[PDB]
Amino acid sequence: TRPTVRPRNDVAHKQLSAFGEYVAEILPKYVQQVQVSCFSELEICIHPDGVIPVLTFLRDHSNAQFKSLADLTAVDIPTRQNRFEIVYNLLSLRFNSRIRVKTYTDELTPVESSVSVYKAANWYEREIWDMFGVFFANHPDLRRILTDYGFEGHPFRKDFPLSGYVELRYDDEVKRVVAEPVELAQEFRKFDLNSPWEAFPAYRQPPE
Amino acid sequence: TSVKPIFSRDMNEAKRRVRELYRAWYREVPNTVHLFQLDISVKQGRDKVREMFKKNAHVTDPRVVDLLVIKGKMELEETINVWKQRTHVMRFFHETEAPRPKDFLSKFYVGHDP
Amino acid sequence: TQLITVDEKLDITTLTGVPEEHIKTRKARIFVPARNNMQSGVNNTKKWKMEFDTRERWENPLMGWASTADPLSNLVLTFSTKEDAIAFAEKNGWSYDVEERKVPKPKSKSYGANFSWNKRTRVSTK
Amino acid sequence: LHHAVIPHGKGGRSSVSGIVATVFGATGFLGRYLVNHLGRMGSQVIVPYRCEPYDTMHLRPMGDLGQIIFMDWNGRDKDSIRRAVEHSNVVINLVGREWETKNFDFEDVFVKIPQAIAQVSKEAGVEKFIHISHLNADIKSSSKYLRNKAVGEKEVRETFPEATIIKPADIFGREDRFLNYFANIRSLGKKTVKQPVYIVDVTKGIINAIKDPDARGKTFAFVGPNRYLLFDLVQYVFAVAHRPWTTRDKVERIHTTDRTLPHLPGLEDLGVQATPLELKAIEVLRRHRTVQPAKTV
Amino acid sequence: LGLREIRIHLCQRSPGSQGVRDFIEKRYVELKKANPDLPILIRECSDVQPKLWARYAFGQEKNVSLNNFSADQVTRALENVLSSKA
Amino acid sequence: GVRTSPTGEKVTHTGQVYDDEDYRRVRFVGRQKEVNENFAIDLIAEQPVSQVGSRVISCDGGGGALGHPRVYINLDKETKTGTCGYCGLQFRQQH
Amino acid sequence: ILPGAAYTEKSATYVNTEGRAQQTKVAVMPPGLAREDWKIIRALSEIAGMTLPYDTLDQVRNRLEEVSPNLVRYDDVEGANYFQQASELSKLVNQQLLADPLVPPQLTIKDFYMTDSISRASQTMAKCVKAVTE
Ligand SMILES: NC(=O)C1=CN([C@@H]2O[C@H](COP(=O)(O)OP(=O)(O)OC[C@H]3O[C@@H](n4cnc5c(N)ncnc54)[C@H](OP(=O)(O)O)[C@@H]3O)[C@@H](O)[C@H]2O)C=CC1
Ligand SMILES: [Zn+2]
């Protein structure tokens with residue numbers, strides 16, 4: 001498996017598993033899962049009440065020092081009853097390492113804003129308000145950042161269509177750019193691409 | 001059934017926030033018609049405010065009406081600060097849109113939609 | 001305390017920005033998609049799908065393209081179970097209907113049955 | 001009915017309204033808003049233009065792709081009229097000048113060219129023909145405008161007997177020559193009574209006259225909801241505008257009272273609620289700003 | 001102006017339909033012999049409650065719940081239908 | 001191999017032409033309907049049938065890697081020639 | 001003539017020979033000015049001044065449940081009892097058997113391909129009939 005296969009990094013896998021045990025036993029109040037992928041990335045799946053206690057810890061513990069918030073993300077998985085998955089990506093420049101802190105919410109449960117831990121988050125979770133509708137409590141200035149000012153709905157939800165519900169055109173009667181219910185001259189052609197054969201038997205789910 | 005609140009513990013505090021938001025919109029509407037130099041009246045903009053509040057009047061969940069007050073305050077903050085243009089304020093008034101057929105018969109005449 | 005009790009039915013239709021025309025006139029369909037009979041694989045019959053009723057597609061006068069006015073025309077949602085799809089349809093106010101999962105029943109196979117002494121299940125060729 | 005002209009869609013920009021319109025005089029004040037209101041339903045608008053193509057550019061965002069066909073024409077060339085109308089199912093005439101020129105008098109613009117358009121539209125098989133007269137069109141009128149427009153109305157009626165002939169009184173809008181004439185005059189007040197009609201009301205009247213099969217062969221009178229004396233109307237215009245090119249034929253039409261024709265149907269018989277001038281005069285005359293309403297009769 | 005059809009909805013297995021079931025096993029046949037040109041549509045279904053629809057002239061329909069009735073009560077409701085004719 | 005409808009409109013290699021009572025001819029008024037006049041169904045019929053001495057022939061369209069994928073055409077039927085499914089070149093067993 | 005929707009053009013309840021009610025879905029829309037069938041009948045009833053008490057498809061199906069509630073229980077065969085009582089009613093009138101032998105209207109594959117208005121308007125079915133007759 002030399003030329004074309006990605007070489008597995010076992011040292012980083014061992015170190016991230018050990019540090020994941022470390023985080024899981026320092027913070028048992030909030031940590032729900034700890035996992036390490038085959039390409040050696042550590043995910044710490046926590047309860048949403050511990051956004052501030054975990055992320056401060058990783059920012060301030062002498063064996064963590066995750067002083068950088070690389071990215072903050074939501075993922076909409078509608079079959080989960082807590083359909084939004086808030087993903088923090090942290091960088092420790094001291095220990096040259098990355099950690100992922102994942103948590104959950106639905107449309108109505110507010111996540112605590114992490115601006116007091118990382119100020120970097122100030123726009124990012126603001127984007128999570130704009131794209132997903134996840135509310136962040138105790139945010140300094142929570143409002144839309146990317147959508148238009150009269151925009152209704154949250155676009156990166158997966159029950160939101162690819163085109164919107166409204167589209168703009170200039171109207172010469174009212175002398176104004178106006179919004180109208182969307183009509184496409186060519187509908188977006190949905191392609192059903194998934195093969196009916198199983199691709200990865202290592203990821204086979206057990207039947208009912 | 002035990003959920004985490006947003007601002008309001010029940011519907012009384014929630015209706016209080018709805019009521020303060022309606023007060024703020026009612027106060028803002030003449031300034032909006034002036035500085036955007038809209039071609040509507042203050043009565044008409046306040047009727048659109050009342051229409052947007054009474055559209056959501058069927059809701060019995062405190063968290064949903066908390067988020068509705070949050071989004072109404074975001075709309076008002078984008079209107080007081082001149083962040084909307086005239087176009088975004090007048091998108092509430094569907095002026096260029098043709099009136100939809102409302103009865104069964106004209107919806108039968110124009111097409112396939114229920 | 002820091003928790004409140006809401007006994008109400010979950011409804012987020014006022015928050016999702018969806019126009020009312022595409023809430024109370026659309027029929028969500030919750031179903032496991034049938035296996036494509038061009039093929040023997042079953043990996044597409046594993047999950048539940050929520051689709052909607054198809055609306056009018058017409059001919060574009062310029063190019064002949066399929067013009068639509070339906071925003072929910074390409075919206076297919078994927079769910080692990082039936083109850084997740086039903087909870088998601090009820091959460092969004094979509095009137096739905098549910099087809100049950102149709103599995104193939106357990107067949108009784110025997111290669112020796114192709115060569116019976118007295119039964120009609122003999123093969124005449126192989 | 002042909003399969004390409006059956007209406008489809010929900011009546012938006014990419015829809016098909018089933019209306020194939022040849023709008024003569026689409027580059028004017030009325031043609032602007034008529035081609036706007038047609039192009040937003042998804043109508044095949046044919047715009048024959050006389051002018052520079054630059055002066056037609058504002059008509060281009062009004063419809064979807066291929067839904068406005070611009071083509072050259074000439075009033076004294078019937079071949080170009082046939083080249084414009086032979087595919088349409090409706091032909092709307094909006095050709096007009098407030099002044100007579102070196103090459104086109106009032107008889108050319110109001111008698112010759114509408115009769116030519118209506119005759120070539122009759123012989124090409126066009127289903128619907130709409131012609132726009134003026135409310136005060138009279139044979140014994142004091143102004144040559146109204147005399148030639150009455151003669152042209154009579155000729156259009158006798159050469160296309162199913163022509164919907166429409167009488168607007170005085171049309172106001174952002175590009176009018178009625179309130180913008182009074183705002184830029186800085187002539188007097190007389191016993192002249194006027195009821196001015198709004199341009200979107202006239203445009204909705206023309207489109208509802210296209211859609212109505214009862215409007216064939218009728219004559220409609222599009223008037224405003226309120227009759228004003230000329231003096232307090234002009235004072236209301238100078239009041240809204242924050243104030244303290246012409247010809248004598250224009251002055252003869254300003255001092256012509258808008259006649260009352262109760263036997264002709266109006267905007268309400270096409271389903272248009274006529275907008276009063278106090279709702280739209282601020283929208284028209286906001287540009288002239290560097291108010292108690294007028295009295296009706 | 002007159003009765004036009006009778007519709008009897010019932011379950012196959014619910015106990016509330018039991019008397020309705022006992023109405024059909026014994027008393028339907030001489031019912032149908034007495035009204036040979038009257039459509040008495042018996043409609044069994046899975047988990048419905050028993051019901052007696054009477055359709056009259058010009059589309060008018062009356063509705064009698066036959067739930068938990070004995071066969072005599074079903075007989076009396078049905079003969080009230082046959083004798084009323086509103 | 002173009003021909004013309006009674007409206008004076010050219011018929012494409014597909015066979016598309018608008019009707020007389022179709023309004024959509026107005027798009028070519030003052031302009032032109034652009035058709036391609038090299039119909040491929042007439043051009044491939046000008047190619048002579050290749051006589052070969054084998055039972056199965058291979059065809060890649062000519063040019064090697066510049067043609068189509070190389071397919072194998074059987075030539076057992078003497079009633080019909082064997083046509084390339086990509087290029088349309090036809091072959092006959094000469095025996 | 002009232003142009004109606006075909007079975008691919010409407011969501012529509014059909015019941016097979018074993019009593020199983022089923023529903024089509026809309027695949028394409030009816031061409032031109034053609035409409036769904038009960039929409040046409042309901043619009044006619046509103047023009048005639050005897051407006052039927054339904055507006056949407058769910059309300060039609062509520063009426064359809066009112067007339068027989070097994071027409072809204074999809075992919076469900078409902079058991080039908082009472083063979084004894086129908087057989088006792090069948091013994092009343094003694095209709096006489098004719099001397100004509102039982103001949104089905106479809107004897108060969110020739111008569112299979114065209115039975116209704118969709119199959120007779122098919123060119124594929126015409127090619128099938130022309131192939132099996134030669
Ligand atoms: N208040 C009003 O304006 C009223 C108007 N009407 C009638 O409604 C119609 C439209 O009015 P309105 O919009 O104000 O008119 P405009 O003056 O704004 O424009 C008239 C149109 O006709 C075209 N046109 C004029 N003369 C000729 C000609 N000799 N040959 C070819 N085209 C010509 C112009 O084209 P181009 O751009 O090339 O000059 C222009 O597109 C007219 O017939 C007018 O008489 C009736 C009652 C009231
Ligand atoms: Zn080849």
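Reckoned from all heavy atoms, side chains included, excluding hydrogens, waters and symmetry mates. The chains referred to below are lettered A, B, ... by the order of the sequence lines, with proteins before strands, and numbering in each begins at 1.
Per-residue heavy-atom pair counts under 4.5 Å with chain C were compared for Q205(A), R83(A), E208(A), and the maximum is reached by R83(A). The candidate from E107(A), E152(A), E187(A) with the greatest count of non-hydrogen atom pairs under 4.5 Å with chain C is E187(A). For the set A185(A), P181(A), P161(A), the count of heavy-atom pairs under 4.5 angstrom toward chain C peaks at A185(A).
Within the 3.5 Å criterion, the main-chain N or O of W197(A) finds a donor-acceptor partner in the side chain of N43(C).
The salt bridge (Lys or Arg N to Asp or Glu O under 4.0 Å) check on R80(A) picks up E85(A), with sequence neighbours excluded.
Around CZ of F31(C), the count of heavy atoms belonging to other residues, nucleotides or ligands within 6.0 Å exceeds 12. Surrounding CD of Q81(A) are at most 12 heavy atoms belonging to other residues, nucleotides or ligands under 6.0 Å away. For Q33(A), the CD atom counts as loosely surrounded, since its 6.0 Å shell holds 12 or fewer non-hydrogen atoms of other residues, nucleotides or ligands. No more than 12 heavy atoms of other residues, nucleotides or ligands lie within 6.0 Å of NZ in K126(C), so this atom counts as exposed by the packing criterion. Residue-environment remark: OH (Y170(A)) exceeds the threshold of 12 foreign heavy atoms within 6.0 Å. Around NZ of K175(A), the count of heavy atoms belonging to other residues, nucleotides or ligands within 6.0 Å exceeds 12.
Scanning residues 64-101 of chain C against chain A with a 4.5 Å heavy-atom cutoff picks out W65(C), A66(C), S67(C), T68(C), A69(C), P71(C), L72(C), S73(C), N74(C), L75(C), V76(C), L77(C), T78(C), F79(C), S80(C), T81(C), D84(C), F88(C), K91(C), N92(C), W94(C), ordered by number. Residues of residues 62-79 of chain A that come closer than 4.5 Å to chain C, counting heavy atoms only, are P78(A), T79(A), ordered by residue number. Against chain A, the residues from residues 9-21 of chain C that qualify, each with a non-hydrogen atom under 4.5 angstrom away, are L10(C), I12(C), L15(C), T16(C), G17(C), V18(C), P19(C) in number order.
If you measure heavy-atom distances from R35(C) to chain A, you find no contacts under 4.5 Å at all. In this structure, the portions of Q186(A) lying under 4.5 Å from any heavy atom of chain C include both its backbone and its side chain.
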